[PDB]
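Novice: Sharing final-v5.tsv, TSV, N, CA, C and O atoms and all ligand atoms:
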chain	number	residue	atom	x	y	z
A	1	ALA	N	-1.65	24.26	-12.55
A	1	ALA	CA	-0.65	24.27	-13.61
A	1	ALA	C	0.40	23.20	-13.34
A	1	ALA	O	1.44	23.48	-12.75
A	2	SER	N	0.08	21.98	-13.77
A	2	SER	CA	0.99	20.86	-13.57
A	2	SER	C	1.19	20.61	-12.08
A	2	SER	O	2.06	21.21	-11.45
A	3	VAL	N	0.36	19.71	-11.55
A	3	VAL	CA	0.44	19.36	-10.14
A	3	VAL	C	0.73	17.87	-10.00
A	3	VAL	O	0.76	17.14	-10.99
A	4	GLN	N	0.93	17.45	-8.76
A	4	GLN	CA	1.21	16.05	-8.47
A	4	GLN	C	0.55	15.63	-7.16
A	4	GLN	O	0.44	16.43	-6.23
A	5	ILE	N	0.12	14.38	-7.13
A	5	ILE	CA	-0.53	13.84	-5.94
A	5	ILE	C	0.43	12.89	-5.22
A	5	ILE	O	0.70	11.80	-5.71
A	6	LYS	N	0.92	13.35	-4.08
A	6	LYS	CA	1.84	12.55	-3.29
A	6	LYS	C	1.05	11.66	-2.33
A	6	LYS	O	0.18	12.13	-1.61
A	7	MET	N	1.38	10.38	-2.36
A	7	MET	CA	0.71	9.41	-1.50
A	7	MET	C	1.57	9.08	-0.27
A	7	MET	O	2.54	8.34	-0.37
A	8	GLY	N	1.17	9.65	0.85
A	8	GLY	CA	1.89	9.43	2.10
A	8	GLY	C	2.62	10.70	2.54
A	8	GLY	O	3.12	11.45	1.71
A	9	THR	N	2.65	10.89	3.85
A	9	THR	CA	3.32	12.06	4.42
A	9	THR	C	4.62	11.64	5.11
A	9	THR	O	4.84	10.46	5.38
A	10	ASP	N	5.45	12.64	5.37
A	10	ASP	CA	6.73	12.40	6.03
A	10	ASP	C	6.48	11.85	7.43
A	10	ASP	O	7.40	11.35	8.08
A	11	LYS	N	5.23	11.96	7.86
A	11	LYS	CA	4.85	11.48	9.18
A	11	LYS	C	4.39	10.02	9.07
A	11	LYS	O	3.45	9.61	9.76
A	12	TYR	N	5.07	9.28	8.21
A	12	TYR	CA	4.75	7.88	8.01
A	12	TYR	C	3.23	7.66	8.03
A	12	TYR	O	2.76	6.58	8.41
A	13	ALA	N	2.51	8.69	7.63
A	13	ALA	CA	1.06	8.62	7.60
A	13	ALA	C	0.59	8.48	6.15
A	13	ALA	O	0.82	9.36	5.32
A	14	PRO	N	-0.08	7.33	5.87
A	14	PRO	CA	-0.59	7.05	4.54
A	14	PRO	C	-1.83	7.89	4.24
A	14	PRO	O	-2.94	7.51	4.61
A	15	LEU	N	-1.61	9.01	3.57
A	15	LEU	CA	-2.70	9.90	3.22
A	15	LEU	C	-2.35	10.63	1.92
A	15	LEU	O	-1.18	10.77	1.57
A	16	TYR	N	-3.40	11.09	1.24
A	16	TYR	CA	-3.22	11.81	-0.01
A	16	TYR	C	-2.86	13.27	0.24
A	16	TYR	O	-3.52	13.95	1.02
A	17	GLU	N	-1.81	13.71	-0.43
A	17	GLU	CA	-1.35	15.08	-0.29
A	17	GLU	C	-0.93	15.65	-1.65
A	17	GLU	O	-0.23	14.99	-2.42
A	18	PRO	N	-1.40	16.90	-1.92
A	18	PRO	CA	-2.23	17.61	-0.97
A	18	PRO	C	-3.65	17.04	-0.94
A	18	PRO	O	-4.21	16.72	-1.99
A	19	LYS	N	-4.19	16.94	0.26
A	19	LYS	CA	-5.54	16.42	0.44
A	19	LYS	C	-6.43	16.95	-0.68
A	19	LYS	O	-7.28	16.23	-1.20
A	20	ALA	N	-6.23	18.22	-1.01
A	20	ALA	CA	-7.01	18.86	-2.05
A	20	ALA	C	-6.06	19.48	-3.08
A	20	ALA	O	-4.99	19.96	-2.73
A	21	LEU	N	-6.49	19.44	-4.34
A	21	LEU	CA	-5.70	19.98	-5.42
A	21	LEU	C	-6.62	20.66	-6.43
A	21	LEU	O	-7.72	20.17	-6.70
A	22	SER	N	-6.15	21.78	-6.97
A	22	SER	CA	-6.92	22.53	-7.94
A	22	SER	C	-6.06	22.82	-9.18
A	22	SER	O	-4.86	23.05	-9.06
A	23	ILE	N	-6.72	22.78	-10.33
A	23	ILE	CA	-6.03	23.03	-11.59
A	23	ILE	C	-7.01	23.65	-12.58
A	23	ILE	O	-8.16	23.94	-12.24
A	24	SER	N	-6.52	23.84	-13.80
A	24	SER	CA	-7.35	24.42	-14.85
A	24	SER	C	-7.75	23.34	-15.86
A	24	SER	O	-7.24	22.22	-15.81
A	25	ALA	N	-8.66	23.71	-16.74
A	25	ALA	CA	-9.14	22.79	-17.76
A	25	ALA	C	-8.04	22.59	-18.81
A	25	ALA	O	-7.85	23.44	-19.68
A	26	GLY	N	-7.36	21.46	-18.70
A	26	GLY	CA	-6.29	21.13	-19.63
A	26	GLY	C	-4.98	20.88	-18.88
A	26	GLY	O	-3.97	20.53	-19.50
A	27	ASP	N	-5.03	21.07	-17.57
A	27	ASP	CA	-3.85	20.87	-16.74
A	27	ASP	C	-3.63	19.37	-16.54
A	27	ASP	O	-4.43	18.55	-16.99
A	28	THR	N	-2.54	19.05	-15.85
A	28	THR	CA	-2.21	17.67	-15.58
A	28	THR	C	-2.08	17.43	-14.07
A	28	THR	O	-1.80	18.36	-13.32
A	29	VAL	N	-2.30	16.19	-13.68
A	29	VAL	CA	-2.21	15.82	-12.28
A	29	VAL	C	-1.37	14.55	-12.14
A	29	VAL	O	-1.85	13.45	-12.42
A	30	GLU	N	-0.13	14.74	-11.70
A	30	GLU	CA	0.78	13.63	-11.52
A	30	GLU	C	0.49	12.91	-10.20
A	30	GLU	O	-0.29	13.41	-9.38
A	31	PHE	N	1.13	11.76	-10.03
A	31	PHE	CA	0.95	10.98	-8.82
A	31	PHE	C	2.22	10.20	-8.48
A	31	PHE	O	2.66	9.35	-9.26
A	32	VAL	N	2.78	10.51	-7.32
A	32	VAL	CA	3.99	9.85	-6.87
A	32	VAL	C	3.75	9.25	-5.48
A	32	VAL	O	2.96	9.78	-4.70
A	33	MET	N	4.44	8.15	-5.22
A	33	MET	CA	4.32	7.47	-3.94
A	33	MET	C	5.37	7.97	-2.95
A	33	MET	O	6.57	7.73	-3.14
A	34	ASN	N	4.90	8.65	-1.92
A	34	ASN	CA	5.79	9.18	-0.90
A	34	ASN	C	6.34	8.03	-0.06
A	34	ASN	O	7.53	7.73	-0.11
A	35	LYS	N	5.44	7.40	0.69
A	35	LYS	CA	5.82	6.29	1.54
A	35	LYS	C	4.56	5.59	2.05
A	35	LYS	O	3.45	5.93	1.65
A	36	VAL	N	4.77	4.61	2.92
A	36	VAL	CA	3.67	3.86	3.48
A	36	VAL	C	2.83	3.26	2.35
A	36	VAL	O	1.68	3.65	2.15
A	37	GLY	N	3.44	2.33	1.63
A	37	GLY	CA	2.76	1.68	0.52
A	37	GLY	C	2.24	0.30	0.93
A	37	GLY	O	2.29	-0.06	2.11
A	38	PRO	N	1.73	-0.45	-0.08
A	38	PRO	CA	1.71	0.06	-1.45
A	38	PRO	C	0.61	1.11	-1.62
A	38	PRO	O	-0.14	1.40	-0.69
A	39	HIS	N	0.54	1.65	-2.83
A	39	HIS	CA	-0.46	2.66	-3.14
A	39	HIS	C	-1.13	2.32	-4.48
A	39	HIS	O	-0.92	1.24	-5.03
A	40	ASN	N	-1.93	3.26	-4.95
A	40	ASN	CA	-2.63	3.08	-6.21
A	40	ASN	C	-3.38	4.37	-6.56
A	40	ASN	O	-3.23	5.38	-5.89
A	41	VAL	N	-4.18	4.28	-7.62
A	41	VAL	CA	-4.95	5.43	-8.07
A	41	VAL	C	-6.36	4.97	-8.46
A	41	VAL	O	-6.60	4.61	-9.61
A	42	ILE	N	-7.25	4.98	-7.47
A	42	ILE	CA	-8.62	4.57	-7.70
A	42	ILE	C	-9.56	5.72	-7.32
A	42	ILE	O	-9.84	5.94	-6.15
A	43	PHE	N	-10.02	6.42	-8.35
A	43	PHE	CA	-10.92	7.54	-8.14
A	43	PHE	C	-12.23	7.08	-7.48
A	43	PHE	O	-12.56	5.90	-7.52
A	44	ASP	N	-12.92	8.04	-6.89
A	44	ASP	CA	-14.18	7.75	-6.23
A	44	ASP	C	-15.33	7.91	-7.22
A	44	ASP	O	-16.17	7.02	-7.35
A	45	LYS	N	-15.33	9.05	-7.90
A	45	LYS	CA	-16.37	9.33	-8.88
A	45	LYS	C	-16.31	10.81	-9.27
A	45	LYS	O	-15.99	11.66	-8.44
A	46	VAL	N	-16.62	11.07	-10.53
A	46	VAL	CA	-16.61	12.43	-11.03
A	46	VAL	C	-17.94	12.73	-11.73
A	46	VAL	O	-18.64	11.81	-12.15
A	47	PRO	N	-18.25	14.05	-11.84
A	47	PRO	CA	-19.48	14.47	-12.48
A	47	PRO	C	-19.39	14.34	-14.00
A	47	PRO	O	-18.30	14.21	-14.55
A	48	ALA	N	-20.55	14.36	-14.63
A	48	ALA	CA	-20.61	14.24	-16.08
A	48	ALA	C	-19.47	15.04	-16.71
A	48	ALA	O	-19.21	16.17	-16.31
A	49	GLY	N	-18.81	14.41	-17.67
A	49	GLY	CA	-17.70	15.05	-18.35
A	49	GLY	C	-16.53	14.08	-18.51
A	49	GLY	O	-16.12	13.76	-19.63
A	50	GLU	N	-16.01	13.63	-17.38
A	50	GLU	CA	-14.89	12.70	-17.37
A	50	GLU	C	-15.37	11.30	-17.01
A	50	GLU	O	-16.57	11.05	-16.90
A	51	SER	N	-14.41	10.40	-16.83
A	51	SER	CA	-14.71	9.03	-16.49
A	51	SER	C	-13.84	8.58	-15.31
A	51	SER	O	-12.85	7.87	-15.50
A	52	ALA	N	-14.25	9.01	-14.12
A	52	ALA	CA	-13.51	8.66	-12.92
A	52	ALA	C	-13.37	7.14	-12.83
A	52	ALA	O	-12.27	6.63	-12.65
A	53	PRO	N	-14.53	6.44	-12.98
A	53	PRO	CA	-14.55	4.99	-12.92
A	53	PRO	C	-13.98	4.39	-14.21
A	53	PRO	O	-14.61	3.52	-14.82
A	54	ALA	N	-12.80	4.87	-14.58
A	54	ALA	CA	-12.15	4.38	-15.79
A	54	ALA	C	-10.65	4.69	-15.70
A	54	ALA	O	-9.82	3.81	-15.95
A	55	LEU	N	-10.35	5.93	-15.36
A	55	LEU	CA	-8.97	6.36	-15.24
A	55	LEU	C	-8.32	5.66	-14.05
A	55	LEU	O	-7.10	5.56	-13.97
A	56	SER	N	-9.17	5.19	-13.14
A	56	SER	CA	-8.69	4.49	-11.96
A	56	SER	C	-7.71	3.39	-12.36
A	56	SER	O	-7.60	3.04	-13.53
A	57	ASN	N	-7.01	2.87	-11.36
A	57	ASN	CA	-6.04	1.82	-11.59
A	57	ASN	C	-5.76	1.09	-10.27
A	57	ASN	O	-5.10	1.64	-9.38
A	58	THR	N	-6.26	-0.13	-10.18
A	58	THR	CA	-6.07	-0.93	-8.99
A	58	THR	C	-4.78	-1.76	-9.10
A	58	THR	O	-4.63	-2.77	-8.42
A	59	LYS	N	-3.90	-1.30	-9.97
A	59	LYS	CA	-2.63	-1.98	-10.18
A	59	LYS	C	-1.62	-1.50	-9.15
A	59	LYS	O	-0.54	-1.02	-9.50
A	60	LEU	N	-2.00	-1.63	-7.88
A	60	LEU	CA	-1.13	-1.21	-6.79
A	60	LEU	C	0.31	-1.60	-7.11
A	60	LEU	O	0.59	-2.76	-7.43
A	61	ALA	N	1.19	-0.61	-7.02
A	61	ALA	CA	2.60	-0.84	-7.30
A	61	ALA	C	3.41	-0.64	-6.02
A	61	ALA	O	3.43	0.46	-5.46
A	62	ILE	N	4.04	-1.72	-5.58
A	62	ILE	CA	4.85	-1.67	-4.37
A	62	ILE	C	6.08	-0.80	-4.62
A	62	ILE	O	6.44	0.02	-3.77
A	63	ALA	N	6.69	-1.00	-5.77
A	63	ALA	CA	7.88	-0.24	-6.14
A	63	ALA	C	7.60	1.25	-5.95
A	63	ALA	O	6.69	1.80	-6.57
A	64	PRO	N	8.42	1.88	-5.06
A	64	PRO	CA	8.27	3.30	-4.78
A	64	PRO	C	8.81	4.14	-5.94
A	64	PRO	O	9.92	3.92	-6.42
A	65	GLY	N	8.00	5.10	-6.35
A	65	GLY	CA	8.38	5.98	-7.44
A	65	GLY	C	7.18	6.81	-7.92
A	65	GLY	O	6.15	6.86	-7.25
A	66	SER	N	7.36	7.45	-9.07
A	66	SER	CA	6.31	8.27	-9.64
A	66	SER	C	5.42	7.43	-10.56
A	66	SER	O	5.76	7.21	-11.72
A	67	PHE	N	4.31	6.99	-10.00
A	67	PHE	CA	3.37	6.17	-10.76
A	67	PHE	C	3.27	6.65	-12.21
A	67	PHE	O	3.83	6.03	-13.11
A	68	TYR	N	2.56	7.75	-12.39
A	68	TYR	CA	2.39	8.32	-13.71
A	68	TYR	C	1.57	9.62	-13.65
A	68	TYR	O	1.06	9.99	-12.59
A	69	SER	N	1.46	10.27	-14.80
A	69	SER	CA	0.71	11.51	-14.89
A	69	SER	C	-0.46	11.35	-15.86
A	69	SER	O	-0.45	10.45	-16.70
A	70	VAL	N	-1.44	12.23	-15.72
A	70	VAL	CA	-2.61	12.20	-16.58
A	70	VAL	C	-3.19	13.61	-16.70
A	70	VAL	O	-3.28	14.33	-15.71
A	71	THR	N	-3.56	13.96	-17.92
A	71	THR	CA	-4.12	15.27	-18.19
A	71	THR	C	-5.65	15.20	-18.18
A	71	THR	O	-6.23	14.19	-18.56
A	72	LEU	N	-6.25	16.30	-17.73
A	72	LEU	CA	-7.70	16.37	-17.67
A	72	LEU	C	-8.18	17.62	-18.42
A	72	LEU	O	-7.37	18.44	-18.85
A	73	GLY	N	-9.49	17.72	-18.57
A	73	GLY	CA	-10.08	18.84	-19.27
A	73	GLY	C	-11.46	19.18	-18.69
A	73	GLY	O	-11.77	20.35	-18.47
A	74	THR	N	-12.25	18.14	-18.47
A	74	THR	CA	-13.58	18.31	-17.93
A	74	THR	C	-13.53	19.08	-16.61
A	74	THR	O	-12.83	18.67	-15.68
A	75	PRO	N	-14.28	20.21	-16.56
A	75	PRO	CA	-14.32	21.03	-15.37
A	75	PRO	C	-15.18	20.38	-14.28
A	75	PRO	O	-16.19	19.74	-14.57
A	76	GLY	N	-14.74	20.56	-13.04
A	76	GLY	CA	-15.45	20.00	-11.91
A	76	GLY	C	-14.47	19.50	-10.84
A	76	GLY	O	-13.25	19.62	-11.00
A	77	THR	N	-15.03	18.95	-9.78
A	77	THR	CA	-14.22	18.43	-8.69
A	77	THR	C	-14.17	16.90	-8.74
A	77	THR	O	-15.20	16.24	-8.76
A	78	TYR	N	-12.95	16.38	-8.77
A	78	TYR	CA	-12.74	14.95	-8.82
A	78	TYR	C	-12.25	14.41	-7.47
A	78	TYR	O	-11.41	15.03	-6.82
A	79	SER	N	-12.79	13.26	-7.09
A	79	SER	CA	-12.42	12.64	-5.84
A	79	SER	C	-11.75	11.29	-6.10
A	79	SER	O	-11.84	10.75	-7.21
A	80	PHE	N	-11.10	10.77	-5.07
A	80	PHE	CA	-10.43	9.49	-5.18
A	80	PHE	C	-10.10	8.92	-3.80
A	80	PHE	O	-10.45	9.52	-2.78
A	81	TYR	N	-9.45	7.77	-3.80
A	81	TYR	CA	-9.07	7.11	-2.56
A	81	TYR	C	-8.08	5.98	-2.82
A	81	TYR	O	-7.94	5.51	-3.95
A	82	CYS	N	-7.41	5.57	-1.75
A	82	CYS	CA	-6.44	4.50	-1.84
A	82	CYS	C	-7.16	3.17	-1.64
A	82	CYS	O	-8.14	3.09	-0.90
A	83	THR	N	-6.65	2.14	-2.31
A	83	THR	CA	-7.24	0.82	-2.22
A	83	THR	C	-6.86	0.16	-0.89
A	83	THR	O	-7.73	-0.26	-0.13
A	84	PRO	N	-5.52	0.09	-0.64
A	84	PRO	CA	-5.01	-0.50	0.58
A	84	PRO	C	-5.22	0.43	1.77
A	84	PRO	O	-5.41	-0.03	2.90
A	85	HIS	N	-5.18	1.72	1.49
A	85	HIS	CA	-5.36	2.73	2.53
A	85	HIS	C	-6.73	3.39	2.37
A	85	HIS	O	-6.82	4.57	2.03
A	86	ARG	N	-7.76	2.60	2.62
A	86	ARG	CA	-9.13	3.09	2.50
A	86	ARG	C	-9.69	3.41	3.89
A	86	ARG	O	-10.56	4.27	4.03
A	87	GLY	N	-9.17	2.71	4.88
A	87	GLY	CA	-9.61	2.91	6.25
A	87	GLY	C	-8.63	3.80	7.02
A	87	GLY	O	-9.00	4.42	8.02
A	88	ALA	N	-7.41	3.85	6.52
A	88	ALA	CA	-6.37	4.66	7.14
A	88	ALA	C	-6.73	6.14	6.98
A	88	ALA	O	-6.11	7.00	7.60
A	89	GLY	N	-7.73	6.39	6.15
A	89	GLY	CA	-8.18	7.75	5.90
A	89	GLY	C	-7.26	8.45	4.90
A	89	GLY	O	-6.73	9.53	5.18
A	90	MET	N	-7.11	7.82	3.74
A	90	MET	CA	-6.27	8.37	2.69
A	90	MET	C	-7.09	8.71	1.45
A	90	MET	O	-7.09	7.97	0.47
A	91	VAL	N	-7.79	9.84	1.54
A	91	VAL	CA	-8.62	10.29	0.43
A	91	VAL	C	-8.23	11.72	0.07
A	91	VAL	O	-7.79	12.49	0.92
A	92	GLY	N	-8.42	12.04	-1.21
A	92	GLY	CA	-8.10	13.38	-1.70
A	92	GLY	C	-9.13	13.84	-2.73
A	92	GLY	O	-10.13	13.17	-2.96
A	93	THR	N	-8.84	14.98	-3.33
A	93	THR	CA	-9.72	15.55	-4.34
A	93	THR	C	-8.93	16.41	-5.32
A	93	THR	O	-7.83	16.86	-5.01
A	94	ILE	N	-9.53	16.62	-6.49
A	94	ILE	CA	-8.89	17.43	-7.51
A	94	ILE	C	-9.93	18.36	-8.14
A	94	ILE	O	-11.12	18.03	-8.18
A	95	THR	N	-9.45	19.50	-8.62
A	95	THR	CA	-10.32	20.48	-9.24
A	95	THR	C	-9.75	20.92	-10.59
A	95	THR	O	-8.55	21.14	-10.71
A	96	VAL	N	-10.64	21.05	-11.56
A	96	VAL	CA	-10.24	21.46	-12.89
A	96	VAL	C	-11.06	22.69	-13.31
A	96	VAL	O	-12.09	22.56	-13.96
A	97	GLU	N	-10.56	23.85	-12.91
A	97	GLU	CA	-11.23	25.10	-13.23
A	97	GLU	C	-10.80	25.59	-14.62
A	97	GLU	O	-11.64	25.86	-15.47
B	101	CU	CU	-1.89	4.79	0.03
Will you turn the file into structure tokens for me?

Specialist:
Amino acid sequence: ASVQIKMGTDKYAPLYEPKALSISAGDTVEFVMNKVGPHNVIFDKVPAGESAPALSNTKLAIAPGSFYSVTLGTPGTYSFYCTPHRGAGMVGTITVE
């Protein structure tokens, strides 16, 4: 019910938090940059229904703030990852029940 994806932990660790997120069909998933940037929103891939390889955005924004929000509907588990933080181990997931 209205969640947000924070990029980076207070431990100056560039990782997606919460690593995992769950929502309902029709909920929204926001995304804000905690720290250790820059960041971005590049999904990994989603099952039939949505378009993971579309909602993505490699428009890494250095400016720290709340990137943006997006609503979903297609049920299933969505994955993603950071562009600059791909090796740092900054990956997360989302669920739309
Ligand atoms: Cu990142």

Novice: Rank A:62, A:4, A:71, A:37 by their smallest atom-to-atom distance to residue 16 of chain A, using only N, CA, C and O atoms, and report the top residue only.

Specialist: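 Using only N, CA, C and O atoms, residue 16 of chain A sits closest to A:4.
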
Novice: As an exercise, work out the distance from atom CU of ligand CU 101 (chain B) to atom CA of residue 48 of chain A in Å and give it to one decimal place.

Specialist: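 Pair atom CU of ligand CU 101 (chain B) / atom CA of residue 48 of chain A returns 26.4 Å.
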
Novice: Would you mind listing the residues within 5 Å of ligand CU 101 (chain B), counting only N, CA, C and O atoms and all ligand atoms, as an NGL selection string?

Specialist: :A and (36 or 38-39 or 82 or 85)

Novice: Looking at all atoms listed in the file, which of A:15, A:79, A:8, A:87 is the one that sits closest to residue 47 of chain A?

Specialist: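 Result for the nearest residue to residue 47 of chain A: A:79.
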
Novice: Would you mind reading off the distance between atom CA of residue 56 of chain A and atom CA of residue 32 of chain A, one decimal, in Å?

Specialist: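 Going from atom CA of residue 56 of chain A over to atom CA of residue 32 of chain A covers 14.7 Å.
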
Novice: Report the distance between atom O of residue 68 of chain A and atom N of residue 28 of chain A in Å, rounded to one decimal place.

Specialist: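 Computed distance, atom O of residue 68 of chain A to atom N of residue 28 of chain A, equals 10.3 Å.
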
Novice: So which one's closest to residue 3 of chain A, A:74, A:57, A:83, A:69? Using only N, CA, C and O atoms, please.

Specialist: A:69

Novice: Find the residues around residue 45 of chain A up to 7 Å (all atoms listed in the file counted), leave out those fewer than 2 positions away in its own chain, and share them as number ranges by chain.

Specialist: A: 42-43, 47, 51-53, 77-80

Novice: I need the helix (DSSP H, G or I) residues of chain A per DSSP on the backbone, written as an MDAnalysis selection string.

Specialist: chainID A and resid 52:55

Novice: Return the padded bounding box of segment 79-96 of chain A as JSON: axis-aligned, built from all atoms listed in the file, 5 Å added on each side, with centre and edge lengths in Å to one decimal.

Specialist:
{"center_x": -8.9, "center_y": 11.1, "center_z": -3.0, "size_x": 17.8, "size_y": 33.2, "size_z": 32.0}

Novice: Can you pull out every residue from chain A that DSSP, working from the backbone, puts in strand (DSSP E), and format the result as a ChimeraX atom specification?

Specialist: /A:3-7,16-17,20-23,28-33,39-45,57-61,68-71,76-81,91-96

Novice: Pick the closest to residue 94 of chain A from A:21, A:70, A:61, A:29: which is it, counting only N, CA, C and O atoms?

Specialist: A:21

Novice: Of the candidates A:40, A:64, A:22, A:1, which shows the shortest atom-to-atom distance to residue 93 of chain A, using only C-alpha atoms?

Specialist: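 Distance minimum relative to residue 93 of chain A lands on A:22.
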
Novice: With only C-alpha atoms as the atoms that count, which of A:92, A:20, A:27, A:76 lies nearest to residue 49 of chain A?

Specialist: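 The shortest atom-to-atom distance to residue 49 of chain A comes from A:76.
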